[PDB]
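Examining the three-dimensional arrangement
Below, each chain spelled out in residue letters.
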Amino acid sequence: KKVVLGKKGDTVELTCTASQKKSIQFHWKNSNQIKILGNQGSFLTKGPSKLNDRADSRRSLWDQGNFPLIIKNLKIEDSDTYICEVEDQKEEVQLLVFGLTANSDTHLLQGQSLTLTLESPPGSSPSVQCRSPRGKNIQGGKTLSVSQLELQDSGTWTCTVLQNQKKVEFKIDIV
Amino acid sequence: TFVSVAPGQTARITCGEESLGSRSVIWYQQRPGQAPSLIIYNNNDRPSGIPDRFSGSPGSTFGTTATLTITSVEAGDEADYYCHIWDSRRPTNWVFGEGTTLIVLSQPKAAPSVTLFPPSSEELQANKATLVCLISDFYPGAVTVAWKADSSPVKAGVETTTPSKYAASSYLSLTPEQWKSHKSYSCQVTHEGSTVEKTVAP
Amino acid sequence: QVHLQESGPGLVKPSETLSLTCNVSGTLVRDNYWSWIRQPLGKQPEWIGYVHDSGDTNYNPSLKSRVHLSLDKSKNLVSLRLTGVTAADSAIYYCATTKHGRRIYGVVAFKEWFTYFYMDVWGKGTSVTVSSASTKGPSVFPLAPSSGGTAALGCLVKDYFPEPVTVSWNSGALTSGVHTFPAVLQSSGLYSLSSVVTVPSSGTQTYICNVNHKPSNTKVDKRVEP
Amino acid sequence: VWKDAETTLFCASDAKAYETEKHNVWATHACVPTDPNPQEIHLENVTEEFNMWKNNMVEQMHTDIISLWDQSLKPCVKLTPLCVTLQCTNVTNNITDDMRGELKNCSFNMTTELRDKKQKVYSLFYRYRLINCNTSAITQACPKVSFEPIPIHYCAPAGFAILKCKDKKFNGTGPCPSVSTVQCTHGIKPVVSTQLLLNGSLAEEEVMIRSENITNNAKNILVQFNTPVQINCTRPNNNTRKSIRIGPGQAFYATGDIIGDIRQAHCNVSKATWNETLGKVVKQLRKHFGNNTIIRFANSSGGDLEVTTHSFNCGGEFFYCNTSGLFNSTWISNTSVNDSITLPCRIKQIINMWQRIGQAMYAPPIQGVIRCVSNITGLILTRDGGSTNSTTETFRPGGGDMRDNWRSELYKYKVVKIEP
Amino acid sequence: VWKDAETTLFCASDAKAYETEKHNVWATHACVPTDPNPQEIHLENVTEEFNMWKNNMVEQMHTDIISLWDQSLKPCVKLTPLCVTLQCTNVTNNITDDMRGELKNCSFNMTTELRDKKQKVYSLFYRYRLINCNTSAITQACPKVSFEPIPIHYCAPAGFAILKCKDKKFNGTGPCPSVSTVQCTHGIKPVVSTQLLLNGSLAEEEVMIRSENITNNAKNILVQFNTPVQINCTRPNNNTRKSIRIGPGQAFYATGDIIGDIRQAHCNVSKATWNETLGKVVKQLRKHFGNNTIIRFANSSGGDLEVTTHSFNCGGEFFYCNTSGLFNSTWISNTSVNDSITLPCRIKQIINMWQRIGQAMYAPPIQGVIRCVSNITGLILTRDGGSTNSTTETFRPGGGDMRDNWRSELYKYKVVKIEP
Amino acid sequence: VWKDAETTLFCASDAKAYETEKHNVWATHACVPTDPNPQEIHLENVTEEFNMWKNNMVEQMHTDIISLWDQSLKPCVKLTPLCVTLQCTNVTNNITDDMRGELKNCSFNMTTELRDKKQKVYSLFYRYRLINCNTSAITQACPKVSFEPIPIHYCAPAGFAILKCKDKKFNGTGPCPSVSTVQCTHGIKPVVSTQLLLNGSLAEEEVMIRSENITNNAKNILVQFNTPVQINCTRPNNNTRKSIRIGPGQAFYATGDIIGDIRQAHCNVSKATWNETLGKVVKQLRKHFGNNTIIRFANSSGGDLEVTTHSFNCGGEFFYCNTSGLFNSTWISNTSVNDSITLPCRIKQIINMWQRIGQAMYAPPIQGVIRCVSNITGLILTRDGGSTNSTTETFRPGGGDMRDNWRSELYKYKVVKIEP
């Protein structure tokens, strides 16, 4: 019963830890119980998943009794319950991946509107709190859009996306 | 080139350059009026419908030429034959090998009938001249035609059809002065080891 | 049965783009290699290129800047375009289902393993002529009779383009003993032919050759006399 | 009373072997010659319960051979210094296929004798220029060595049984009506190969398929054949064995001389018995758990080179052969088909042994044109977990933890103690 | 039918040793590797009768260690000629306590090469000037030796049996309701120590006291403890090994270089454990044969140095430690008090071995600051004959016959043969 | 369930020998030390049926000793080239009895070093002049060898019985009311002797006479005695070992030096025990198949020298002694007579081992005055077929097949395997 939030396009790590300090065999599987990763003694093995070109693990840690799964170049469709099967115990961790797309231009004109559509998994209920470069809180739901802007609102905008008591912040640049 | 064979005897048709490396000779046949069609590929493998009478030399010995052999030849094998050579030491060839026309000699000896005309008075009144030499009623379909101006062979202005099935024509373009200057002109037609000469004088 | 059928314009002018289509049935074009091949009159065939939907496509190096071969799976057909044409590009062009094969030996001869193609199913072909003339109609000269007890009597038809010319005699009331020889293409790029009848020498009937050339819309009756 | 799990084994082996070859050295020092029977005797009844994969005898042999490897590194094998930088060139002047070339011929500015003196020395490596060896490089060399497994008979000495379940069709965790009690095993060759069992020991009646947990695809499936499959791997690659002694503390080989120019390394599999054994594999899989499915095989899923290729040895040189030709077979639940297999291979010198203690290098190959004929005697698979809507099950190779190979050898062997 | 007293025993030993050290050589040449099991199986019933002091195995093991010693004297060890006279001098330039010295640095006119050539060669000795060796002296020296016990597993091989009384509380001649049938012992390290058992074996539950005849004070008392006592001996004395080879037959040692100014050789005892174990010894004596008495331990009664001191080895050099610290105790029938011990110790090269066949000299101590932490695992006592009017009993250390150390080892082992 | 005939054995031997002498080397390379405890425990009843001679284990030991001999021929022993021609002379200047020579000093121009260099080198042979070798002779010389049989304890390896018929009065094909089960035999020396068995073993109670089929005169009769007979063969013939190492490939000896003029080689038999053993043989023959007859002995019937003499080993040199003195009695069925026996002997270097692969030469005798005091511990006889009208039966010595010599020692042993 664990949740990890990931940002689209940035790497993430999931972690599986045993009570023994020995390198012992583990496997990582997705919610449909398809192999993503495993080890074979000290060798790394990848499994027939959509993550196959992008999954990895730090093998030095296996010899310490703990086993990550590392996913690079993360995409929204990588959101799933992921499990680890070590010591005849089943760790379950729910990865959710979020991202941000501005629908409005990279170069806005004077006195216009900003439109941001976040990317989220299907069957999810995201929550969002955005902020301006200076001192303006913005609240909203599925699509956040500020209908009125000023030329004082050029600069780096920060927006928090929140889910299951956890939060991440995204950064975008507006001129 | 041409190969001629009596029915039931073996024919051998050679095609292409001498081999340099290992090879895959492909062979094709073209019947008159028809598209080229495969006989053999991979030196001696035949598609469905080609009889085992056709066989090809393997891609074996270096410095030898490809040969198609056709045993027990019948009149329905009277066709053009082409090859396409793949060789491990040569590039892909994008032109086929030169075609060998197989003539099947069922019927012998029918000699031509030759007719030769002087130019028309209407053509001479047009300041032009053509001698017309017409050849018919012969078999097999192979003739060669040459002309003379008195006894000197004619090098320019001779035009000749391919015989088809089977008669032919040949023409000699002259000016009226070139026509009148010689005592006469000859049209010679050679067929199956003998030559007929027809003459016409101004 | 796999069936292939080529089509095209028939006559092209120099420097224009020849374009041909090859409609295919009995197989789907994705599942096969295709070649375009052509054969000039009296010459051996020439391979233009081969194409496959995978992109396993290579052309004759002489034609590489001028030629394109393509496949259209939605219409289930093969196509050819050849830019910049000259009379050297006159040929009957053919479309062929091409089959790939390999010669494989021991690994001591890995340098000698090679791939090859052969053509398995062909279409009937499309004649392409490249020339530079809109039209030319004939002249007709008679060939008067002179000797033999039966004698040849005829007409010479000179300098027309394109083919054909039709000749009948006596409006078709004379067909036995009649021979119209095929046209000679002369070095000028124009055609000429002759037609003769073989008739007795005693002379009661009138003889007329009826020469017609539809491309120039020209029809000439020529009476022939001794 | 019988009592289980004690970490006690005794090594027995020898006939004509002495020192020199590495398993021969291991038998000569760790073993003594065996007494070649044993009586075994099953006794009437005597239990119908056993488990093959919960056997710690497997871990003890695995750890012991790993420790014998470590002890083999103590005398001649060198931990440092000469992997630093490379100046290699390629033999290719004219190229197709963007081939590069796995063996690159190099020149190295090598320390020789006295202080800070160097000579140009021939050497060989596999990538390009500079690059060196990643964090560790332990060169094996040594004057008189070679590497081929030797049978090692393992015993239950002065007071233990090895229980031997003799059920020809034993489930793995199920009943066994004939347990016998044996002093030593018949002689296991300690083979180190992934995906396929090579040299091995065969099933007595029919092809046998085994798993610790067939429902769980993570656990490896072992396969044992009752008939072997021929596999023959030949490397025509040449070297002059040169070794230069210049200063007493340095010791180095000079490989790469001569010509021969061979394609990579290579292997053949004679497929007449591969069709029959794998046909019986898919028959047994349908008889066991895929009752009406189509059974596909697919090549390795992904991982390290030792995971993605058939990794095995032909003399302590390490070979990595392509697996696609073994696992390109969709067995539709109908009839079978003809023809034969040839396999690409590579040879490497470098292997990351043990853990990350260091890489070992068997670096001078001796002679050229060496061929290894072997039996494949079994397979190791990992199921690619599937669906039921697809009407197919897919299997990929497995293995990589050498304890699974020891479980194929010790499937009939468990050491237990008598109490009164 | 079981029948007793056969002299047919087999030897097993080896983990990681080869030649060089003397017991390691004896393991390598007299034994094969041990084969690590035994089942033992204490069958139900099967008598309640045994006598541990009536066991001819004890005499066999003892005779065999002496035989292997006699055999080690055959190759390197030197019977003659150079113990003749000593031109020793004294190191001291200012003295108190009339100390003399013990180890003295000496000078010798020594024979070298050819015929009658001599050089001044360093020597060390332990008396004064002149004096030499008495009747014999055999110098061990040798280029590759040391002397450390190794376990020797002794077996009754294929056919006969060792019967093992496992009873924790056994009276020596008394009943034993738990007797197992074993093939081999677990490995007995042959230690040659008097008065205290070093390394040995530890009792399973409590202090156990074993004596041949408790009423007869002439018989020795072997004490076994369930927990050991730390003893830590140290010799910071320095030497340079300096072997000289001169003529072909002569090969000599010239220990004596460098300095250290050490107080003899030394040892310490951790007294917390010595107090708990002797407090339990007097408690066990009170329960056994001393129902209401004050029990004193007193130092040795007289005799040779090997009999008056705790005499034992720490590398095959022979050591002698004063016993008074171990035995200055009067245990009243009440309680103990805290603190610690340090003991005087001395070392000799010269020891009498055998009967009177010859002295042996381990003449080259090599290097220095050599220390032997050891576990005391038993005590060898003898009772001093008392009265009842004195209201006390006294014990002194005792023994000296290594057969009695072998009875502490073979207290649970007796070979019997089996008839149908 | 007991089942017979398997081709497995195990070897045990060693106490003081190492390399050098050939059987010492065969124990060293085939066996390990022996483990001296056989309980045997004859179980009550357990069948009354045994045939000794139909034992394939005899052949196994015999053909394996022949392979061990062939292995000793591999390194030192020289198949070629030097035997071509001999320039021998006689030492006799005045002669009686026309004696020629069984041994002569010869010279040979032997190739020495480099190309086509030769020197006169001494040689010895056993014929005349020129003469050379017949198809082969292989020179055994080797720097460090000698030849004396060593006890080989042959064992049933692991869990199998050697079933042991212990019966003091067994018939060969008959019942045995005491059969026991033993792991290893007491050690059998591999003896190669004809007509008599030497070293051997002795009958437990009285002389035993055994044949495969006593009716069939073709089968040899083996005799085993309860008491040995003294035989003593001295050879004062002198040689000085002289090895000449001239070329890197050549290896050669010179012999024939020194003087002595011995009468051939000699042997003696103390008739005092020969008289009692054959006196008991004729009683035993009369009690078994000659109920009232005179029994006569006759000398060997003729053939090869090894078949006409008591031919045996005394040190790698092979000996041939005259049989007449052993076999010259007509044992009239009443009483016998005294005195003592001397036997003439000859010696050769040269023996026809195996089949016809090649002869082997123990070419350097070393020293002189070499004496073999031995015990005759068996006899090998053949009956000469006869009439009933002669009222006598005649026996001649027999043998020449070391399988019969192995049967005399393996007379109590049959390995069998065990099932429930």
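What you see is numbering from 1 along each chain in written sequence order, possibly unlike the entry, with residues lacking coordinates removed. Lettering for chains starts from A, numbering for ligands starts from 1, and both go in the order in which the items are written. In computing side-chain values, all of the structure's heavy atoms are included and hydrogens and water are not.

Structure determination for this entry, per the PDB record, employed cryo-EM.

Labelled according to the PDB entry, chain D appears under the name Envelope glycoprotein gp120, originating from Simian immunodeficiency virus.

Chain C appears in the PDB entry as Antibody 36D5 heavy chain from Homo sapiens.

**Structural notes on the overall build of chain C**
Stated precisely, the cut-off is as follows: Note on conventions: DSSP H or I runs of at least 4 residues are helices, E runs of at least 2 residues are strands, and numbering of each starts at the N terminus. With the radius of gyration taken over C-alpha atoms, the globule rule is written as 2.2 Å times the number of residues to the power 0.38. Summary of the burial criterion: residues with accessible area below 20% of their type's maximum are buried, those above 50% are exposed, and those between are partly exposed, where the area comes from a 1.4 Å probe applied to protein chains only. Contact definition: two residues touch when any of their heavy atoms are within 4.5 Å. All accessible-area figures derive from a Shrake-Rupley calculation using a 1.4 Å probe, and residue coverage is judged against the displayed protein chains alone. The convention is simple: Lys and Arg are positive, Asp and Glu are negative, and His and the chain ends are not counted. Throughout, a charge is located at the NZ atom of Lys, the CZ atom of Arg, the CG atom of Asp or the CD atom of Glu.
Each helix and strand counted, chain C has zero helices and 19 strands in total. A globule of 226 residues ought to have a C-alpha radius of gyration of about 17 Å, yet chain C, at 25 Å, is considerably larger. The dimensions of chain C, computed from C-alpha atoms along their principal axes, are 85 × 35 × 35 Å. For chain C, the residues scored as buried account for 44% of the 226 residues in total. Long-range pairs, those at least 24 residues apart, make up 56% of the contacts in chain C between residues at least 6 apart in sequence. About 11600 Å² of surface is accessible on chain C, with carbon and sulfur atoms providing 49% of the total. Between the mean site of the 20 positive side-chain charges and the mean site of the 14 negative ones, chain C shows a separation of 1 Å.

**Description of the packing of aromatic side chains**
Note the threshold: Think of it this way: a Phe, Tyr or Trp ring, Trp meaning its six-membered ring, pairs with another when their centres are within 6.5 Å, and the plane angle makes it stacked under 30 degrees, edge-to-face over 60, tilted otherwise.
Inspection of every chain in the model, using the stated rule, returns 45 aromatic pairs over all chains. With a centroid separation of 5.2 Å and 70 degrees between ring planes, the pair formed by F26(A) and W62(A) is classed as edge-to-face. A residue pair is termed long-range when its members are at least 10 positions apart, and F26(A) in the loop between strand 2 (12-17) and strand 3 (27-30) and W62(A) in the loop between strand 6 (55-56) and strand 7 (66-71) qualify at 36 residues. With a relative accessible area of 0%, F26(A) lands in the buried category. Its relative accessible area of 1% is what places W62(A) among the buried residues. A ring pair is formed by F312(E) and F319(E), whose centres lie 6.2 Å apart and whose planes are at 20 degrees; its orientation type is stacked.

**A look at the pairing of strand 1 (residues 3-7) of chain C**
Residues and elements named next belong to chain C. What counts, and what does not: Paired strands are those between which DSSP finds at least two bridges.
Side-chain alternation along strand 1 places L4 and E6 on a buried face and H3, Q5 and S7 on a face that remains uncovered. Pairing geometry for strand 1 and strand 3 (residues 18-25), over five bridges, is antiparallel. Following the sheet pairing, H3 is matched in strand 3 by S25.

**Remarks on a nonpolar patch on the surface**
Applicable threshold: Put simply, a patch holds well-exposed residues, over 30% relative accessible area, that have no salt bridge, with like charges counted together within 9 Å and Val, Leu, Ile, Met, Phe, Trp or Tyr side chains within 5 Å. Salt bridges, as used here, are contacts in which a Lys or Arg side-chain nitrogen is within 4 Å of a carboxyl oxygen on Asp or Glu.
Taken together, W2(D), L43(D) and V46(D) make up a surface patch of nonpolar side chains, about 290 Å² in accessible area. Secondary-structure assignment places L43(D) in the loop between helix 1 (22-30) and helix 2 (57-72).

**Details of the arrangement of the chains**
Where the six pairs of chains in contact are concerned, the greatest contact count is recorded for chains B and C. With respect to C-alpha atoms, chain B approaches chain D no nearer than 14 Å, and the pair has no contact. With no contact formed, the shortest span from any C-alpha in chain A to any C-alpha in chain F equals 37 Å.

**Topic: the packing of helix 1 of chain D against helix 2 of chain D**
Residues and elements named next belong to chain D. Our working definition: Lines fitted to the C-alpha atoms define the axes, with helices restricted to the stretch that makes contact. Angles between their N-to-C directions range from 0 to 180 degrees. Here the word oblique covers every angle except those under 35 degrees (roughly parallel), over 145 (roughly antiparallel) and from 65 to 115 (roughly perpendicular).
With their axes 11 Å apart at the nearest point, helix 1 and helix 2 run at an angle of 105 degrees to one another. Viewed along their axes, helix 1 and helix 2 adopt a mutual orientation that is roughly perpendicular. Judged by residue contacts, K22, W26 and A30 of helix 1 engage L68, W69 and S72 from helix 2.

**Here we look at the domain arrangement of chain D**
All names here are of chain D. As a reminder of what qualifies: Where each domain begins and ends is defined by an automated method or by a domain database. Reported buried area values correspond to the accessible surface (1.4 Å probe) lost by two parts on association, with both partners' losses combined.
Splitting chain D by domain gives domain 1 (2-76 + 146-418) and domain 2 (87-132). Centre-to-centre, using C-alpha coordinates, domain 1 lies 35 Å away from domain 2. With 16 residues of domain 1 at the interface, the matching set in domain 2 holds 14 residues. Between domain 1 and domain 2, roughly 1200 Å² of surface is buried when both sides are summed, and carbon and sulfur atoms account for 65% of that area. The interface formed by domain 1 and domain 2 holds one salt bridge in total.

**Quick word on the interface of chain C and chain B**
Inclusion rule: For the purposes of these results, a polar contact is taken to be a pair of N or O atoms within 3.5 Å, where, inside protein, one atom must be able to donate a hydrogen and its partner to accept one; residues adjacent in sequence count only when each atom of the pair is a side-chain atom. Classes in brief: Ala, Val, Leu, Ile, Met, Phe, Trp, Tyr, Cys and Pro nonpolar; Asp, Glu, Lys and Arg charged; the others, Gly included, polar.
On the chain B side, the residues contacting the 44 residues of chain C number 45 residues. Across the interface of chain C and chain B, roughly 3600 Å² is buried in total on both sides, 66% from carbon and sulfur atoms. Between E122(B) and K222(C) there is a salt bridge, with its nearest N and O atoms 3.6 Å apart. At the junction of chain C and chain B, the tally comes to ten residue pairs in polar contact. Considering each element in turn, the side of chain C that touches chain B owes the most residues, eight residues, to strand 10 (residues 114-122) of chain C. Each residue belonging to the side of chain C that touches chain B can be placed in one class, and the counts come to 27 nonpolar, ten polar and seven charged.

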